[PDB]
2 protein chains.
Amino acid sequence: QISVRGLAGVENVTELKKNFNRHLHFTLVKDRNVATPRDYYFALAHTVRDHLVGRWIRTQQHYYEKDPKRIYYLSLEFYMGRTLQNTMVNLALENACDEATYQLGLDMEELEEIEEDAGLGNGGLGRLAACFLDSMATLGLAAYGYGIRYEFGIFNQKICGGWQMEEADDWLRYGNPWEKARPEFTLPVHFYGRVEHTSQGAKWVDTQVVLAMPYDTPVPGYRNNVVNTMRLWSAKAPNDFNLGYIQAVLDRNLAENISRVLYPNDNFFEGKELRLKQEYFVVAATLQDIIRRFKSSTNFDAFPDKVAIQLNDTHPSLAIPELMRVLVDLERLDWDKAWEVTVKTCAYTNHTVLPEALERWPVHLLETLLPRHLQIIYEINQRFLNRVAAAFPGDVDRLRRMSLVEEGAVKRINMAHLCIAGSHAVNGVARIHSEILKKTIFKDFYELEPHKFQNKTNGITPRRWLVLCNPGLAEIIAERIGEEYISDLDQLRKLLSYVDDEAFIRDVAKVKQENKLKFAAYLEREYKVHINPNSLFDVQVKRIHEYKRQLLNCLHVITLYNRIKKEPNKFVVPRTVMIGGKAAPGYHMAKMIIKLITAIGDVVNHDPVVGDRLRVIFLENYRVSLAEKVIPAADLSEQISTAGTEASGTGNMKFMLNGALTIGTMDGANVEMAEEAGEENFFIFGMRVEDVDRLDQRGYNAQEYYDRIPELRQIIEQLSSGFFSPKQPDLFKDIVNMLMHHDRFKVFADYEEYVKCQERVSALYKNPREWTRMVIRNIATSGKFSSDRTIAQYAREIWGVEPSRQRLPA
Amino acid sequence: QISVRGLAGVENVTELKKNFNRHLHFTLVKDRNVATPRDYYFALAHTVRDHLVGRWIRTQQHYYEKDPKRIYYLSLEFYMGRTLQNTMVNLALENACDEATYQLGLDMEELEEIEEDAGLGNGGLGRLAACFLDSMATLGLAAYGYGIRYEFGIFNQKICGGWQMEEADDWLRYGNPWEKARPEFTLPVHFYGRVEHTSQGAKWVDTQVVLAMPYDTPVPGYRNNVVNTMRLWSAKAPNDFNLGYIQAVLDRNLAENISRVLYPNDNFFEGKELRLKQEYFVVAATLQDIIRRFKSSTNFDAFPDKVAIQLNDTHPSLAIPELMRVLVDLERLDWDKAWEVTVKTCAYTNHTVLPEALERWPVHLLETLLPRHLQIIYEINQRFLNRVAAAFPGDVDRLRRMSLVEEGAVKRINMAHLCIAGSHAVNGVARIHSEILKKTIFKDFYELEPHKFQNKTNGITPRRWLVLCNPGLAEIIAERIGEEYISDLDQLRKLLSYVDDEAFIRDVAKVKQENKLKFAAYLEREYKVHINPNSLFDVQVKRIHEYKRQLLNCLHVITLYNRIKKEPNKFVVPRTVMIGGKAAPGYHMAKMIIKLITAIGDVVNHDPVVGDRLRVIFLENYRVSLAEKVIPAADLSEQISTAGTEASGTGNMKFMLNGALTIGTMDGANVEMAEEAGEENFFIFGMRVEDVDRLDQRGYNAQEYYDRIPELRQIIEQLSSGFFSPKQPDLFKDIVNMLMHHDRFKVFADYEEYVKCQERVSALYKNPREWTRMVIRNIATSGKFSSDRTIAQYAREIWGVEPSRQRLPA
Ligand SMILES: COc1cc(Cl)c(O)c([C@@H]2O[C@H](CO)[C@@H](O)[C@H](O)[C@H]2O)c1
Ligand SMILES: COc1cc(Cl)c(O)c([C@@H]2O[C@H](CO)[C@@H](O)[C@H](O)[C@H]2O)c1
């Protein structure tokens, strides 16, 4: 049908059809008479998977023969979403499969909806790892993603009575056609035990052993015939485990629990033993695999020349003392040489400045679980602090501030400090964030080793986040400027010469309208909710968090409702306000915010006076596959975190690429987005980081705002009195109390500017031609935010490898 | 190479080779450079599996269109062993695959050894179910095996310091290429809860739900293109299960533990709740599946015409009250009609008379776990006892004897009584056993309903137990009488006309010698043990049990050793005494017997005076795949249970078919074996059932035998004094005490006759020509013991269906 989806040649379509029928028969053991849509999905998935394997085998053979420097991306999260369409896109198979399935009497889009998301992440950090894998393969890097194969990913969110309910994400129930179990490459991982000191060094003995079994998933590059590997470890008990008889077999579950479930916290540290085990499990198995592959090419001098390890936040920070452990205890290298190798090998990416999100592990936990690692950490600390003392003599407070060991009621290890000490590069994820790191939490470290600190602004892959989810837009762009932009997103700048092109303006607006119609139909079919497709689609989708200020959005929504009720017969630009995202199960305030949103909808959506001028919808079970649907349909992107709190954001970039305008604070990547597009083409409001600091020094008093803004007072009175909860008048008392007395994120402080900025949004939307021209100016300048750019910077500035756009032979 | 292994045509070999290479590439994602022997096994398994699927789909389509009466074989055990060679045999693919693999530069026998046993059984009962599935498919019956997919089958036995050690049988670690998961046919199973009585009947409410997920394994008939199904259920927690968050996900293990592990007890009842859950789980899921298939053909009058349910012992006895529950509570049939349907549908096979092996479930367990089933059982009992009272008025003791409810300190349900009451047929597994049932434990029931009681003598499949494991013998037989005997074993009678044929005599003896050489080489390669291949191979392989009297064998072994030590320079027929089998982990005496056997070997095998005239070897990890190796190599089969204790035995039949002579008591199927071959061609010794009864009435005094037999006294003194355990002189005190004071199985009573009979064995072995002629007379009369005969009898006399040897179109 459309150009960017590739060729549907007679030869290919015929071959795809027969292999589909072969898989249906031999693989699924079904015939067309008993086959269900799910069977048809799996037949297609297996058929598409077949096209990967040849390229997969020859890619890994190529790396063996050429022996390039290998990049190991260590992450506790890989938020992959669905794989079928992505594989078709990257292999140029989409139109051929569409044709083949059509001729078999099947609708491919219907089959695509059957695939479960691989929801092995919480939000931005997990999704970044996924975009990164895509970009590294597209840039021809010898890269491996290493993580955990969670049996249960991020929970499925149900909304019941307006409340979030969690259910297990049993994503493997029907099987995963993409993965290949590699039980032959199973590795032992050690826990507990004790340290013995011998004549010939330290020994870690009397340990409990858990097996790490790898599962490999192919990661195709965009039409370059490169297929890299994501290797995810699964925990297995050894066969002599606890070996009355029956209970001993049943107790195998204890060991295998390590890989059972993803901790469902976004940007929040939960110091539980099981989480620590997960973190060591991935690190220990990965490092053995790395060293094995390195030896199969004695001389560890060349280790950093052949290996780079990227730590996705501090979650895999134990890689540092584990590498030291292996090099010192097992390979018998002296400390100094081992340390040199470790530092040159490891690099660390920080994703947050929120105190509650930073990993600080109780010493007593590490003492029991990983006794040798604690000793190594202590030794690292001593030697590091000796360097600090030499550089800043007599500065005793600096010594306590920089220590990896934090003193107090419970002694803790600051994992970020460990990461900085043991890495040759430390980066933030957006320019403002990286600057904040150097000025605040890592200031001391920056002063000691300024060369270590870098910025690498985040990005998103234009394959998934444009071509896949928005083929209509990708096509109208390709009609003008060709297909090259898909792997060179900077080329979208060429679209600036079309900002006054009446044909292009109409087409851009047409694509949006179609996307909005498709999504409006999705909502009625799957959730029985009615929306006006001509309204402004005002969307905030992201994890529920106080810092992300879904509450500020709520206040605006209520303001709009109150203004309508005050002047019913006055014209207002119609809006559909969509808010979605999951709350961590233990995060009470976030769960309350979800209830507030649904409660507002319950009043707003049923008020006859409002009509269809205002609708408030909570988007249930927000996840990668839902993002791919809602983002192309959005007109307005809400990126309204308190300045200085959102390290980057990546959802913001997805909306920009897909033709939404952005209302946002100057926070994270928003700053660079506005810079690229021009501030005139962005809806910027609110305090800057400097203004937040000024308010903190003075003392934030929320009552002041309540006293001076009558519209804000009305809302708070409504919340308190039970306007949005008539049967439970005090339901939102916790929310009001927080807003009035202990709001860390200054919701009230940005309220006035937010509401005024929103008025300017509605004004522009009244002029469809000028709205669309601003949209074009956004899409045209979104190039910087391709993860291809991000990965190229990591490659050149951290990993010391050169990206390659060259095809491998097919 | 050999005729019975089928044709290796150019067309087939070429196609097999390319499909092997296809699977290696696409399925395993390997090339020849990195592939291991295990990879080669899986490529072959997948290639052979491909040949099943077409036949599998069309068989099940055939049953849908023809709608025959369906046979449901319910068992908690299916002791399947390896599947690859069996599939090749039944599909006539063996020579073709042998050729194809040879041309690829691979040895197929080497690849065959890589497959894990499906060890989902303990011994004879589990292996009978497996032989039965093979025969039902070969006889064209619409049969389904239903069981549990245990994650861990029978434990792997290691011998350490002469002691049995258990390790988990992680048979699914590398995957199972034979099974097809069918998550779409998942069914709910209910536990706990309570019974509510409404206006419209009883309701079982507030239950805990466990999901039953089926896995289907194909069961090919012998060259008839029939492929039946073994459906095994796996336990899955529902997604809202226990839905802090993390613990709730981790607690899913509780529900999934149902299908985790096989209870490793042979012929012994362990009344644990988890076992009861397993028994209900299989029954509940199976019955829903049965009824669903029956409806998809309202009128349950025709249910028994379209459905037969065979209960493999009392393990699935809950099928009876479960069927009643469904028919009465859910389908709203009146009691009497539902009962009529149930009785006509169900039939029960008993496999034991040992009191400790009979299932008697505490009422309090059933009360909590299955409250509605207990009520139904009580109602069944009341109505049954009313019939007894009417038939035998005033016989109050009969009423208490026949009750399904046993009174005492703990009230129990006698599951055998439940089975008899609710089945139209009750059978034992050998003529003597079935007679014992009518005369002893089920006497009262036989008097009330004589028509119910039948015999069905056990059998073994001649495919696995001759063609597969002994191709050399199958071939020399086929050379004389053709190939028809493989599915018509009675044809082996034709071999009686070859008993004086000098060529045949030489060939029979040659095949045995080759089998013995192959097994002697297996022992050195895998276990580093040295044996004399010219010695008499004296073997007892079966589960370790007091009733099977491995101890009597031990006494004979020590007798031989003592006699050699007394007269060293006297000639004795050299023997290799092989004993193997697993002890249930909680069975102390059985574990002690294993230690005794190894202890005897430790002395005997290292005494220079003995030389290679006597060797005692404990065969480690006895299992189906090992049986296939040792049985063809045996000269003498030890079948020496106390008369009246071994219901049938099936190992006995395997040895007979494979050219071993039998030393045995007149117990179980031994009686019919001796009857078929002629008592002159069997080594029968010891008490008959009647002699055991006489000794019981008089009182068994072991001291009497000790006092009157000096050779026996010497052995007991040796055991007591620490001759076989110098470092722990009192090690075998428990064994001696049992033998002397509380031996339920009268080991001493059969000692003299056993030793004398063994002398006659050695005498015959000295004359190789007459040994072999007796062997021929055994093989020639083994026809009755084909499971094809057994299944044909079940079909005609119980299930009311006619067997068919007709091919389905290929
Ligand atoms: C430990 O710090 C974390 C943890 C998690 Cl799970 C996470 O999603 C992020 C997010 O990581 C994303 C990727 O860098 C950023 O865009 C967001 O600003 C940031 O909040 C940061
Ligand atoms: C509950 O009674 C049982 C239980 C188990 Cl696990 C078993 O293997 C047997 C054996 O079942 C075999 C098959 O009928 C017979 O040949 C043997 O004589 C018998 O001991 C009987």
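Here chain A follows Swiss-Prot, giving residues 13-255, 262-315, 325-837 in order.
Structure determined by X-ray crystallography, 2.0 Å.
Using the three backbone atoms N, Cα and C, a Cβ is placed for every residue, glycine included.
Between A:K313, A:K465, A:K539, A:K681, Swiss-Prot assigns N6-(pyridoxal phosphate)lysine to A:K681; no such entry appears for the others, which is not proof they lack it. Among the recorded positions listed (A:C109, A:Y204, A:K681, A:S747), A:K681 has its Cα nearest to the Cα of A:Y156 (site 'Can be labeled by an AMP analog').
Taken residue by residue with DSSP, A:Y204 (phosphotyrosine) is part of neither helix nor strand, so it is coil.
Long-range Cβ neighbours of A:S430 (phosphoserine) (same chain, at least 6 residues apart, Cβ-Cβ under 8 Å): A:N408, A:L412, A:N441, A:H444. Gap check: 9 residues are unmodelled from A:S315 to A:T325, and the C-alpha separation across it is 11 Å. Nearest in space to A:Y227 (phosphotyrosine), taking C-alpha to C-alpha distance over the recorded positions A:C109, A:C143, A:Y204, A:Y473, is A:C143. In sequence order, A:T150, A:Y234, A:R235, A:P489, A:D815, A:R832 are the residues near A:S514 (phosphoserine), counting only same-chain partners six or more apart with C-beta under 8 A. Where 6 residues go unmodelled, between A:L255 and A:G262, the Cα positions on each side are 9 angstrom apart.
In terms of C-alpha distance, the listed recorded positions A:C143, A:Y204, A:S747 place A:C143 closest to A:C109 (site 'Involved in the association of subunits').
A:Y473 (phosphotyrosine) sits 35 Å from A:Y204 (phosphotyrosine), taking the Cα positions as reference. In this structure the alpha carbons, written CA, of A:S748 (phosphoserine) and A:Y204 (phosphotyrosine) are 55 Å apart. Using CA atoms as reference points, the modified residues A:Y204, A:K681, A:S747 were checked against A:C143 (site 'Involved in the association of subunits'), and the closest is A:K681. A:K681 (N6-(pyridoxal phosphate)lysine) falls within a helical segment according to DSSP.
DSSP assigns A:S747 (phosphoserine) to a helix. The modified residues shown are A:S15, A:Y204, A:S747; of these, the one with its CA atom nearest the CA of A:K681 (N6-(pyridoxal phosphate)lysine) is A:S15. Neighbour counts of Cβ atoms within 10 Å were compared across the modified residues A:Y204, A:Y473; the minimum falls on A:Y204.
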